[PDB]
Amino acid sequence: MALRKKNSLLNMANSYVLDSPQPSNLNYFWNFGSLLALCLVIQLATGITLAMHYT
Amino acid sequence: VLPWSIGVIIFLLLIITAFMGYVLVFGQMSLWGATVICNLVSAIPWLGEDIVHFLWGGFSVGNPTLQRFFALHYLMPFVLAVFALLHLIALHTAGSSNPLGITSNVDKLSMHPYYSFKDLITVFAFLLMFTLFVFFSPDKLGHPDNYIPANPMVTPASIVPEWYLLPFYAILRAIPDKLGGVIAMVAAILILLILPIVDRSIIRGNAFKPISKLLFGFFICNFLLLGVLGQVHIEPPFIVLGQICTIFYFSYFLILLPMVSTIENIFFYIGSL
Amino acid sequence: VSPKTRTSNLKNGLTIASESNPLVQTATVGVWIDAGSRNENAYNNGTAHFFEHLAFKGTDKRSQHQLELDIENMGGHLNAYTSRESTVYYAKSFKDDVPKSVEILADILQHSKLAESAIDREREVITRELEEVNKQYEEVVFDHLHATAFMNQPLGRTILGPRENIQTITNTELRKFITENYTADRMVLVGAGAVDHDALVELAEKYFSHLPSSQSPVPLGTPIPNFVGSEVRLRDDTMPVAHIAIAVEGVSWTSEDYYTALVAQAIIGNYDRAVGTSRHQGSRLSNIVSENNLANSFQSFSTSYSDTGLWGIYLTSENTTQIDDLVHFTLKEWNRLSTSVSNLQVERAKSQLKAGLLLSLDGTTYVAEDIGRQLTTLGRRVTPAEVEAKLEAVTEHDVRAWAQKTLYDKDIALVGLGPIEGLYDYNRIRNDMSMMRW
Amino acid sequence: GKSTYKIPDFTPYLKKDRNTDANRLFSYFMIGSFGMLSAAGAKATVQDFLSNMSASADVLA
Amino acid sequence: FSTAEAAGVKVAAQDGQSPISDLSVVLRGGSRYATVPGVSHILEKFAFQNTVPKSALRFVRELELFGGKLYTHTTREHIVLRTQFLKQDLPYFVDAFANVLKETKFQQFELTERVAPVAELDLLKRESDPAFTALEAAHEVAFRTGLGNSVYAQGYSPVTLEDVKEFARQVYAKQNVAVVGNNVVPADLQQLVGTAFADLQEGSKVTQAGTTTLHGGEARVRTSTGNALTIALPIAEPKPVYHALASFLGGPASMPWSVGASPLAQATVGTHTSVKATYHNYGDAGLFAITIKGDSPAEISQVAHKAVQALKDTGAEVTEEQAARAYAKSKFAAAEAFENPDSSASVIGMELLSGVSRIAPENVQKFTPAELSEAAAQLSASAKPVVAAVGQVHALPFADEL
Amino acid sequence: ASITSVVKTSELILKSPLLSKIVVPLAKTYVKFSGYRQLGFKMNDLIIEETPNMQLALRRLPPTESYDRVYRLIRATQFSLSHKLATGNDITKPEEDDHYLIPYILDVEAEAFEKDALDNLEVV
Amino acid sequence: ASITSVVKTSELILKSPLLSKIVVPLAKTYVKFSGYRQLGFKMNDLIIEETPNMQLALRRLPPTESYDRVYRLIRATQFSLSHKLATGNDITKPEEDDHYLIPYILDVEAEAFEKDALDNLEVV
Ligand code: HEM
Ligand code: HEM
Ligand SMILES: CCCCCCCCCCCCO[C@@H]1O[C@H](CO)[C@@H](O[C@H]2O[C@H](CO)[C@@H](O)[C@H](O)[C@H]2O)[C@H](O)[C@H]1O
Ligand SMILES: CCCCCCCCCCCCO[C@@H]1O[C@H](CO)[C@@H](O[C@H]2O[C@H](CO)[C@@H](O)[C@H](O)[C@H]2O)[C@H](O)[C@H]1O
């Protein structure tokens, strides 16, 4: 068995981002979920950095 | 091994979290502790000084450093909670170990209600200790100098970390070299990662190992002595004592535990023939 | 040390090749032809296989029934097979029944009736064969493998041919096929076992002397294939066993890398859970597969043709949730032929092959098949001393260099049959043809 | 429509030079360029962004 | 094959001109001698397991370095263990057989994890063919015990490690062992067997518990995986004419895409069925069988009637042509059997372990039409016909219908 | 450490007269102070089992030995949670402290180590 | 909404001459504009199946109907991801748009609803 399946931590990531079985016909409107994840990552990085300078 | 190795990182994150939080008061110990601990980074070769100025956001500990420590002190507990969750998910593949060191697959109990109700006892014991300090002696564990506002000009009589960092400070003092001392101090925590290798026992745990139990007792008391030596003055005879205790600390991992665990394997085999 | 293979020619250009064994009492004589389905076009695809049926349906002298009786009276049997590049017709008999068998073979090849009544009768028999190969899963998998790897090219066609052609094959096109292809310079008369070479040459002069020669005689085993990386999925949830083949373009008979490809094939090797020794084999893939119950079997192959080949593996598995692991571990073992193999694996595989190439030939039919195959693909029988020297010349550097240009990061042809839901899409399979860590 | 050995028509898509090193090298040039700009973009992003932590203009003054 | 004796062990070898040698140990340990059902199959599968000098793992890894191969099978009469290797590697193979016979550690985990599962897959693969099942069922009806014991291990009656260890204590002994070397220099083999098998127990000849008794009857193995029917006739006096009769009646075609000119082959016309007559000599009794497989129970039934008719018709009159065809087909069958290493080893094994001299293919007797018809007549007029039906047994014939 | 290692080193000591004279009495005292017999365990019950090799050895135990081991583990767990010690027949006597598992694990490890060696063979 | 409901209401409309005269032509245009036939679907292929009742009805389909449904779903998915429409024989003609599933789901639901009623019976 491949490590990505055998190790429980790796397997959680594997189940969501790699082997996760998707429909083969998602259109571009299924891309907003990953855009929202990107916005959340940008807001965390910029927000924590602003907090280092904001009073 | 995996929950233990993630656990060692949890412990490093707790140290960083607590250190940054202590600076936020901006009393004398806050400032001078930040100064001396952050200057250890200057030991990193070539780029060390540059890294320190980058951490401080200036040429000494000041407003930029305090505002960044606030933002990081707020964040780091969330990172710590994630790693705490990770070490439990990693543990869930084997389950909890137990004091006998044997499998418990033969005899399991549900977490609830048994361990829920057993946890309440220690929760209330903890809350009693909490109450005695918070309401009756709130400053017993602190340093009075932290009630003096930070003053970059006056240096306090003795600059020590909070008590829980003291053993690592004694280990750092033991090595005369600056970089040497920093490495030793970090190694004192990272060496926990080799316990899975240096323990050569065929048996899990110390319940049935009289010599291992004695060695463990000495290791723990030595760790407390290192703590005490972390806050004494750099004077005779504590300088040499700190070095001997530091050697004992490391030799537990590198020499004694591998030797003792090897011999006990042989004694269990021969002794039970 | 085996007896020397004697070789003679006739005037038309028919080769006679023989290897006597004074310890046996039977003999295999037959005719190996350098011709097969690949010589057909798209319109007469199926002809060569159609002829094989009619060859036993009666000649100008002996009728179908007389033919049956004549062979029954000989005591042995006749056998035939048509492949993509080779056709064989042979007769196993007693020592002293060899002149009868040569005479019958000469008759069915030169003087077959191909009577419209018999064409029409077999046209149904062959039509029924189209719906019953379906059961021979290994054959289904390999025929789809050729069809896709050599997409729209002659090597990609099946031997049976399409249903449409079976209904339209005439005696004219049958006759045309065997007149164009069954020529003396493409044929070898082979004898193995209790045969005298000089006796066999006389029988060849008696029966195969009036064979046509081709206008332009090329040497035996003379041929452009353009491999297509591609996949065929034949999912069938009701089957319990998945059958999967994966192949890359391999080597021809006369490649300089022919032995290097055989050694590489032996490093992966075969496995079968039903054989007792298979759990103890040295192959890394064998160990992975057996320890984790990933497969019932796997069989590495290196199939050669005149101008191309296919090199790969055929897997069978009931472990339908771990097909991904099976394919993953197999292709990571192939990666190691490029990245990791050393003298350890190479010298072990060479040892195993030095014996294996000799062990295979353990009866007169195997010997005849070896003489016939080698004469029709290489133009000569290669002595075991030459074979031992070519194997010894294979180094670990040769294997690594071969795998780096043949396997590493290359397109595969992939066929899956059965419960193959767990077999990932083409990209994820083809991504295992390289290692990001290297 | 019925025989599964007759591969469907892929001629509208098949490249004639599909097995050549030139053919693979082109696709890896595209992947490589993409990886190159992503590396240069990440480096620029990280450098400009992290510089916020170096002494600000009022501190340097 | 020059028969000799080396340190109490019978050794037969024939030198040749090939790089490939076959060494076979033939053991008098087949199923007719089986103490408990299936033990001879289990013992066969326990060969080349862990010995005291060499583990199964080490043996397989070293065998791969020599490029050797290993073949084992169990019959009603013998266990045969064959190795195929290059001529020069003979000493290694002799020593390996010595380790197996002298020093096999019969360990419980090997039985549970290695030996028994492989024995079970072996049987399941054989039974995939309903004709195998039918012919096995027929021997069980005809002989009950001894020759009627199952050859293979079955799940309903489990073999224990103590069963296998006891049987091996009997079988692995100088009295039950013959060594047969194809393409082995006979003088060299005698020298090596003489040093390697010197400390093997002498033991005693393994014997069949009880005399061979013949019985008629019916077996109705209901399967869902194909249809077959055996019509067997137990023979109290095995005679070589039944070989000629089996080859005469025939059944398989001698030519691709054909039915064949044999009476039994001609019984299958218009049906997708096959047929095969076989004769099994077991020294003290014999079995003449005609097995018919097919997909249609109706067609099998149809052929079965024609098959018994064919036998009756043969008992009436054979032509001279047909008798000569029988001699030819029979000489050929004999020759190819003496060539095939599996059957070869057992043939000389029988000569060495019993005393039944081999009949060379060149010395196969020609039977007159009188002798053939007389043999078929005895079979058509048997008091004890056996019929084993496999598959849709409600639709297959019964003995009294035939 | 592997059981193989422990057993081989022990055998070196038991061979040397001097060494055995000084080590055997120590080992017996060690076992007495260890106190696992006071929870009704046999020494081999304590060996770490969460390993492929040990899981294979435990599967090869005869059913009787296996059922008895399960009972000793359950019984010791009940003494542990109650903070009691074994009394009477529950205490393991020195003559009952048999190495029931050692032969199985030594065979498992023998094959495992031979496989490692043979994976690294070099044709000469 | 349940298939039972939809079927019963539809039958009320089809009964009423007036209602059918005005609803049937509208329903036919609606189906034409819906455009599921241009992806080779039959109407019943579109019904939500992630419910216990529908899973049971699909399990009761005859094997051939079931294999054909799987092919239409795969084929329509391939048209969807390619942004193409069916052409030729892949387009569902009105005469091929049969209610293959409706009888199975109506039987599943009949029992489910009878069970609900009978769970609430009151002995009189
Ligand atoms: C979902 C995530 C978030 C959203 C939608 C969000 C939204 C906003 C918005 C709308 C503002 C006003 C910006 C302006 O006009 O100047 C702002 C300011 C701010 N945010 Fe966030 N934020 C998020 C996450 C964070 C995080 C994680 C932090 C960490 C502290 C943070 C720190 C700040 C700070 C310090 C300011 C004030 C300085 C400024 O205006 O730029 N934010 N945020
Ligand atoms: C925020 C800090 C931590 C939290 C909240 C936490 C919580 C827990 C909990 C709830 C368990 C299961 C119950 C128990 O055994 O007590 C556990 C087990 C464990 N933790 Fe932690 N932990 C933390 C830090 C650490 C650290 C620093 C280490 C190691 C250096 C560690 C190593 C482990 C290990 C090895 C176990 C498994 C112990 C066993 O059951 O045998 N944890 N932890
Ligand atoms: C999105 C960022 C990536 C980080 C992953 C997100 C963290 C959330 C993960 C924890 C939630 C548990 O997630 C759960 O994991 C198991 C295995 O990992 C998955 O289980 C799935 O995959 C595994 C194998 O890949 C199979 O054994 C299983 O049959 C299948 O359902 C669950 O479908 C998923 O719900
Ligand atoms: C693991 C990652 C490694 C550590 C990351 C390094 C952190 C900080 C490194 C350098 C950051 C400052 O480095 C400095 O960056 C700014 C851009 O940001 C550059 O400045 C350059 O561009 C900026 C705008 O883009 C202009 O205002 C400036 O006049 C010009 O010189 C300097 O030329 C460089 O010296």
# chains A, B, ... in the order shown; residues from 1 in each chain; ligands from 1
$ residues_near_ligand --ligand "ligand 4" --cutoff "10 Å" --atoms "only C-alpha atoms and all ligand atoms" --output "list in words"
residues 51 and 54 of chain B; 42, 43, 44, 45, 46, 47, 48, 49, 50, 51, 52, 53 and 54 of chain D
$ interface_residues --of "chain A" --to "chain G" --cutoff "12 Å" --atoms "only C-alpha atoms" --output "list in words"
residues 23, 24, 25, 26, 27 and 28 of chain A
$ select_by_dssp --residues "stretch 117-184 of chain E" --states "alpha helix (DSSP H)" --output "PyMOL selection string"
chain E and resi 117-127+130-143+161-171
$ residues_near_ligand --ligand "ligand 2" --cutoff "9 Å" --atoms "only C-alpha atoms and all ligand atoms" --output "PyMOL selection string"
chain B and resi 1-12+14+77+80-81+83-85+87-88+91+95-99+101+192-193
$ write_last_selection --atoms "N, CA and C atoms" --output "mmCIF file, in the first residue's frame"
data_model
loop_
_atom_site.group_PDB
_atom_site.id
_atom_site.type_symbol
_atom_site.label_atom_id
_atom_site.label_comp_id
_atom_site.auth_asym_id
_atom_site.auth_seq_id
_atom_site.Cartn_x
_atom_site.Cartn_y
_atom_site.Cartn_z
ATOM 1 N N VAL B 1 5.635 6.557 17.344
ATOM 2 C CA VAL B 1 6.661 7.541 17.039
ATOM 3 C C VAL B 1 6.062 8.823 16.453
ATOM 4 N N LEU B 2 5.034 8.736 15.604
ATOM 5 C CA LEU B 2 4.526 9.955 14.985
ATOM 6 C C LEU B 2 3.869 10.895 16.003
ATOM 7 N N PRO B 3 2.909 10.480 16.862
ATOM 8 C CA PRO B 3 2.362 11.407 17.854
ATOM 9 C C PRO B 3 3.442 11.967 18.775
ATOM 10 N N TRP B 4 4.461 11.176 19.096
ATOM 11 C CA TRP B 4 5.524 11.701 19.936
ATOM 12 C C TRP B 4 6.325 12.790 19.220
ATOM 13 N N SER B 5 6.689 12.559 17.950
ATOM 14 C CA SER B 5 7.470 13.525 17.177
ATOM 15 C C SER B 5 6.681 14.811 16.936
ATOM 16 N N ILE B 6 5.380 14.718 16.662
ATOM 17 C CA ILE B 6 4.600 15.945 16.549
ATOM 18 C C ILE B 6 4.518 16.614 17.919
ATOM 19 N N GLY B 7 4.466 15.815 18.991
ATOM 20 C CA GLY B 7 4.444 16.341 20.347
ATOM 21 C C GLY B 7 5.678 17.193 20.617
ATOM 22 N N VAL B 8 6.845 16.765 20.153
ATOM 23 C CA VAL B 8 8.025 17.583 20.380
ATOM 24 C C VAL B 8 7.858 18.950 19.709
ATOM 25 N N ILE B 9 7.207 19.017 18.555
ATOM 26 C CA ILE B 9 6.996 20.323 17.944
ATOM 27 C C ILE B 9 5.980 21.149 18.733
ATOM 28 N N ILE B 10 4.918 20.507 19.224
ATOM 29 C CA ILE B 10 4.007 21.201 20.120
ATOM 30 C C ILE B 10 4.792 21.879 21.240
ATOM 31 N N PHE B 11 5.788 21.196 21.801
ATOM 32 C CA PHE B 11 6.479 21.731 22.959
ATOM 33 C C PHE B 11 7.278 22.964 22.554
ATOM 34 N N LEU B 12 7.925 22.922 21.381
ATOM 35 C CA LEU B 12 8.617 24.082 20.833
ATOM 36 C C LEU B 12 7.657 25.241 20.579
ATOM 37 N N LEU B 14 4.890 25.820 22.185
ATOM 38 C CA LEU B 14 4.471 26.374 23.466
ATOM 39 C C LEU B 14 5.551 27.312 24.008
ATOM 40 N N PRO B 77 -0.972 30.249 19.472
ATOM 41 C CA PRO B 77 -1.918 29.305 20.076
ATOM 42 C C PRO B 77 -2.853 28.600 19.103
ATOM 43 N N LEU B 80 -0.720 25.988 17.610
ATOM 44 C CA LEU B 80 -0.527 24.980 18.634
ATOM 45 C C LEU B 80 -1.749 24.058 18.712
ATOM 46 N N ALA B 81 -2.965 24.608 18.675
ATOM 47 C CA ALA B 81 -4.153 23.763 18.687
ATOM 48 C C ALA B 81 -4.194 22.832 17.476
ATOM 49 N N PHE B 83 -1.611 21.531 15.874
ATOM 50 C CA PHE B 83 -0.660 20.446 16.080
ATOM 51 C C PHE B 83 -1.110 19.504 17.189
ATOM 52 N N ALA B 84 -1.810 20.038 18.191
ATOM 53 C CA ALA B 84 -2.350 19.172 19.228
ATOM 54 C C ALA B 84 -3.376 18.234 18.602
ATOM 55 N N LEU B 85 -4.189 18.757 17.696
ATOM 56 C CA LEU B 85 -5.146 17.887 17.052
ATOM 57 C C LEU B 85 -4.429 16.841 16.196
ATOM 58 N N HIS B 87 -1.450 15.519 16.636
ATOM 59 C CA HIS B 87 -0.846 14.419 17.357
ATOM 60 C C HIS B 87 -1.918 13.452 17.852
ATOM 61 N N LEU B 88 -3.136 13.912 18.153
ATOM 62 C CA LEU B 88 -4.179 12.955 18.519
ATOM 63 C C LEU B 88 -4.670 12.107 17.354
ATOM 64 N N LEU B 91 -2.224 9.518 16.954
ATOM 65 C CA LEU B 91 -2.299 8.511 18.004
ATOM 66 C C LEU B 91 -3.440 7.532 17.760
ATOM 67 N N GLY B 95 -4.200 3.763 19.202
ATOM 68 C CA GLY B 95 -4.786 4.016 20.513
ATOM 69 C C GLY B 95 -3.750 4.409 21.575
ATOM 70 N N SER B 96 -4.252 4.879 22.725
ATOM 71 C CA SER B 96 -3.457 5.144 23.917
ATOM 72 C C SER B 96 -2.656 3.914 24.311
ATOM 73 N N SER B 97 -1.420 4.138 24.764
ATOM 74 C CA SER B 97 -0.694 3.091 25.456
ATOM 75 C C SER B 97 -1.270 2.978 26.866
ATOM 76 N N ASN B 98 -0.710 2.138 27.737
ATOM 77 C CA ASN B 98 -1.294 1.942 29.055
ATOM 78 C C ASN B 98 -0.136 1.683 30.001
ATOM 79 N N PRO B 99 -0.309 1.797 31.325
ATOM 80 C CA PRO B 99 0.816 1.636 32.233
ATOM 81 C C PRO B 99 1.494 0.270 32.237
ATOM 82 N N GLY B 101 2.179 -1.427 29.485
ATOM 83 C CA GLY B 101 2.986 -1.535 28.286
ATOM 84 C C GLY B 101 2.533 -2.644 27.343
ATOM 85 N N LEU B 192 14.963 14.671 22.131
ATOM 86 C CA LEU B 192 13.780 13.866 22.403
ATOM 87 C C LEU B 192 13.357 13.032 21.192
ATOM 88 N N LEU B 193 13.650 13.517 19.972
ATOM 89 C CA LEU B 193 13.298 12.793 18.760
ATOM 90 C C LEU B 193 14.067 11.486 18.606
#
$ residues_around --residues "residue A:3" --least-positions-apart "3" --cutoff "12 Å" --atoms "only C-alpha atoms" --output "MDAnalysis selection string"
(chainID A and resid 6:14) or (chainID C and resid 325 328:329)
$ write_last_selection --atoms "N, CA, C and O atoms" --output "JSON list (two decimals), in the first residue's frame"
[["chain", "number", "residue", "atom", "x", "y", "z"],
["A", 6, "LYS", "N", -1.68, 4.81, 3.41],
["A", 6, "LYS", "CA", -1.42, 4.01, 4.59],
["A", 6, "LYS", "C", -1.32, 4.89, 5.83],
["A", 6, "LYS", "O", -1.93, 4.60, 6.86],
["A", 7, "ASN", "N", -0.56, 5.99, 5.75],
["A", 7, "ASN", "CA", -0.40, 6.91, 6.86],
["A", 7, "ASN", "C", -1.67, 7.74, 7.07],
["A", 7, "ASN", "O", -2.17, 8.38, 6.14],
["A", 8, "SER", "N", -2.19, 7.78, 8.30],
["A", 8, "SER", "CA", -3.48, 8.42, 8.53],
["A", 8, "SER", "C", -3.45, 9.93, 8.26],
["A", 8, "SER", "O", -4.41, 10.45, 7.71],
["A", 9, "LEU", "N", -2.37, 10.63, 8.61],
["A", 9, "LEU", "CA", -2.34, 12.06, 8.32],
["A", 9, "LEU", "C", -2.30, 12.30, 6.81],
["A", 9, "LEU", "O", -3.17, 13.01, 6.29],
["A", 10, "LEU", "N", -1.36, 11.65, 6.10],
["A", 10, "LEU", "CA", -1.26, 11.82, 4.66],
["A", 10, "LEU", "C", -2.57, 11.43, 3.99],
["A", 10, "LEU", "O", -2.98, 12.05, 3.01],
["A", 11, "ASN", "N", -3.21, 10.39, 4.52],
["A", 11, "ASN", "CA", -4.43, 9.92, 3.91],
["A", 11, "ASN", "C", -5.57, 10.94, 4.00],
["A", 11, "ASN", "O", -6.37, 11.04, 3.07],
["A", 12, "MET", "N", -5.60, 11.75, 5.05],
["A", 12, "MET", "CA", -6.61, 12.80, 5.10],
["A", 12, "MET", "C", -6.39, 13.83, 4.00],
["A", 12, "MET", "O", -7.35, 14.23, 3.35],
["A", 13, "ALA", "N", -5.15, 14.26, 3.80],
["A", 13, "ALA", "CA", -4.89, 15.21, 2.74],
["A", 13, "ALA", "C", -5.22, 14.55, 1.40],
["A", 13, "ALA", "O", -5.90, 15.15, 0.57],
["A", 14, "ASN", "N", -4.75, 13.32, 1.21],
["A", 14, "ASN", "CA", -4.96, 12.54, 0.01],
["A", 14, "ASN", "C", -6.45, 12.50, -0.35],
["A", 14, "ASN", "O", -6.83, 12.69, -1.50],
["C", 325, "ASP", "N", -2.53, 0.44, -6.08],
["C", 325, "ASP", "CA", -1.24, 0.07, -5.50],
["C", 325, "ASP", "C", -0.49, -0.87, -6.44],
["C", 325, "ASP", "O", 0.71, -0.71, -6.66],
["C", 328, "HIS", "N", 0.81, 1.15, -9.29],
["C", 328, "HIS", "CA", 1.82, 2.04, -8.75],
["C", 328, "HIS", "C", 3.12, 1.28, -8.50],
["C", 328, "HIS", "O", 4.16, 1.72, -8.97],
["C", 329, "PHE", "N", 3.08, 0.16, -7.75],
["C", 329, "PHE", "CA", 4.31, -0.54, -7.40],
["C", 329, "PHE", "C", 4.98, -1.17, -8.61],
["C", 329, "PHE", "O", 6.20, -1.22, -8.69]]
$ residues_around --residues "residue C:299" --least-positions-apart "6" --cutoff "7 Å" --atoms "only C-alpha atoms" --output "MDAnalysis selection string"
chainID C and resid 269:271 313:315
$ residues_near_ligand --ligand "ligand 1" --cutoff "9 Å" --atoms "only C-alpha atoms and all ligand atoms" --output "VMD selection string"
(chain A and resid 39 to 55) or (chain B and resid 71 74 to 75)
$ write_last_selection --atoms "N, CA and C atoms" --output "PDB file, in the first residue's frame"
ATOM      1  N   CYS A  39      -8.699  33.424  -1.283  1.00  0.00           N
ATOM      2  CA  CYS A  39      -8.984  34.681  -0.602  1.00  0.00           C
ATOM      3  C   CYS A  39      -8.757  34.519   0.893  1.00  0.00           C
ATOM      4  N   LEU A  40      -9.183  33.395   1.449  1.00  0.00           N
ATOM      5  CA  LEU A  40      -8.987  33.211   2.869  1.00  0.00           C
ATOM      6  C   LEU A  40      -7.498  33.184   3.207  1.00  0.00           C
ATOM      7  N   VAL A  41      -6.672  32.523   2.395  1.00  0.00           N
ATOM      8  CA  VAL A  41      -5.234  32.490   2.627  1.00  0.00           C
ATOM      9  C   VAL A  41      -4.627  33.883   2.468  1.00  0.00           C
ATOM     10  N   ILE A  42      -5.028  34.644   1.455  1.00  0.00           N
ATOM     11  CA  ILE A  42      -4.493  35.995   1.320  1.00  0.00           C
ATOM     12  C   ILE A  42      -4.893  36.864   2.511  1.00  0.00           C
ATOM     13  N   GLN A  43      -6.166  36.788   2.928  1.00  0.00           N
ATOM     14  CA  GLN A  43      -6.617  37.603   4.047  1.00  0.00           C
ATOM     15  C   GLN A  43      -5.887  37.168   5.317  1.00  0.00           C
ATOM     16  N   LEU A  44      -5.606  35.876   5.495  1.00  0.00           N
ATOM     17  CA  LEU A  44      -4.845  35.530   6.688  1.00  0.00           C
ATOM     18  C   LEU A  44      -3.436  36.100   6.623  1.00  0.00           C
ATOM     19  N   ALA A  45      -2.749  35.931   5.491  1.00  0.00           N
ATOM     20  CA  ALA A  45      -1.381  36.414   5.418  1.00  0.00           C
ATOM     21  C   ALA A  45      -1.347  37.937   5.509  1.00  0.00           C
ATOM     22  N   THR A  46      -2.183  38.652   4.748  1.00  0.00           N
ATOM     23  CA  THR A  46      -2.089  40.105   4.809  1.00  0.00           C
ATOM     24  C   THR A  46      -2.587  40.591   6.165  1.00  0.00           C
ATOM     25  N   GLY A  47      -3.620  39.940   6.720  1.00  0.00           N
ATOM     26  CA  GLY A  47      -4.222  40.430   7.951  1.00  0.00           C
ATOM     27  C   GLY A  47      -3.258  40.278   9.130  1.00  0.00           C
ATOM     28  N   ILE A  48      -2.556  39.150   9.198  1.00  0.00           N
ATOM     29  CA  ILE A  48      -1.635  38.957  10.302  1.00  0.00           C
ATOM     30  C   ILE A  48      -0.477  39.935  10.163  1.00  0.00           C
ATOM     31  N   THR A  49      -0.052  40.192   8.927  1.00  0.00           N
ATOM     32  CA  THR A  49       1.010  41.152   8.725  1.00  0.00           C
ATOM     33  C   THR A  49       0.541  42.551   9.102  1.00  0.00           C
ATOM     34  N   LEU A  50      -0.674  42.972   8.729  1.00  0.00           N
ATOM     35  CA  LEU A  50      -1.151  44.287   9.140  1.00  0.00           C
ATOM     36  C   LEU A  50      -1.197  44.369  10.659  1.00  0.00           C
ATOM     37  N   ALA A  51      -1.613  43.293  11.331  1.00  0.00           N
ATOM     38  CA  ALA A  51      -1.677  43.302  12.781  1.00  0.00           C
ATOM     39  C   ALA A  51      -0.287  43.567  13.372  1.00  0.00           C
ATOM     40  N   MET A  52       0.804  43.267  12.670  1.00  0.00           N
ATOM     41  CA  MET A  52       2.118  43.564  13.222  1.00  0.00           C
ATOM     42  C   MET A  52       2.428  45.063  13.204  1.00  0.00           C
ATOM     43  N   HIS A  53       1.607  45.884  12.543  1.00  0.00           N
ATOM     44  CA  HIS A  53       1.935  47.293  12.381  1.00  0.00           C
ATOM     45  C   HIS A  53       0.767  48.162  12.817  1.00  0.00           C
ATOM     46  N   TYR A  54      -0.361  47.555  13.174  1.00  0.00           N
ATOM     47  CA  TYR A  54      -1.561  48.350  13.388  1.00  0.00           C
ATOM     48  C   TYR A  54      -1.728  48.583  14.883  1.00  0.00           C
ATOM     49  N   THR A  55      -2.287  49.711  15.308  1.00  0.00           N
ATOM     50  CA  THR A  55      -2.476  49.875  16.740  1.00  0.00           C
ATOM     51  C   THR A  55      -3.960  50.060  16.991  1.00  0.00           C
TER      52      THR A  55
ATOM     53  N   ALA B  71       1.047  40.238  17.462  1.00  0.00           N
ATOM     54  CA  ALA B  71       0.359  39.557  16.380  1.00  0.00           C
ATOM     55  C   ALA B  71       0.735  38.077  16.377  1.00  0.00           C
ATOM     56  N   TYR B  74      -0.805  36.174  19.407  1.00  0.00           N
ATOM     57  CA  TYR B  74      -2.198  35.854  19.159  1.00  0.00           C
ATOM     58  C   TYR B  74      -2.291  34.642  18.224  1.00  0.00           C
ATOM     59  N   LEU B  75      -1.433  34.552  17.209  1.00  0.00           N
ATOM     60  CA  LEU B  75      -1.559  33.490  16.214  1.00  0.00           C
ATOM     61  C   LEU B  75      -1.101  32.135  16.745  1.00  0.00           C
TER      62      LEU B  75
END
$ residues_around --residues "residue G:41" --least-positions-apart "6" --cutoff "9 Å" --atoms "only C-alpha atoms" --output "PyMOL selection string"
chain G and resi 69+72-73+75-76+90-92+97
$ interface_residues --of "chain E" --to "chain F" --cutoff "10 Å" --atoms "only C-alpha atoms" --output "PyMOL selection string"
chain E and resi 55-58+61-62+65+108-110+112-113
$ atom_distance --atom1 "atom CA of residue C:368" --atom2 "atom CA of residue E:330"
23.2 Å
$ residues_around --residues "residue C:22" --least-positions-apart "3" --cutoff "8 Å" --atoms "only C-alpha atoms" --output "PDB file with C-alpha atoms, in the first residue's frame"
ATOM      1  CA  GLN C  25      11.641 -42.058 -31.126  1.00  0.00           C
ATOM      2  CA  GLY C 193      13.939 -35.465 -33.086  1.00  0.00           C
ATOM      3  CA  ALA C 194      14.411 -38.751 -34.895  1.00  0.00           C
TER       4      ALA C 194
END
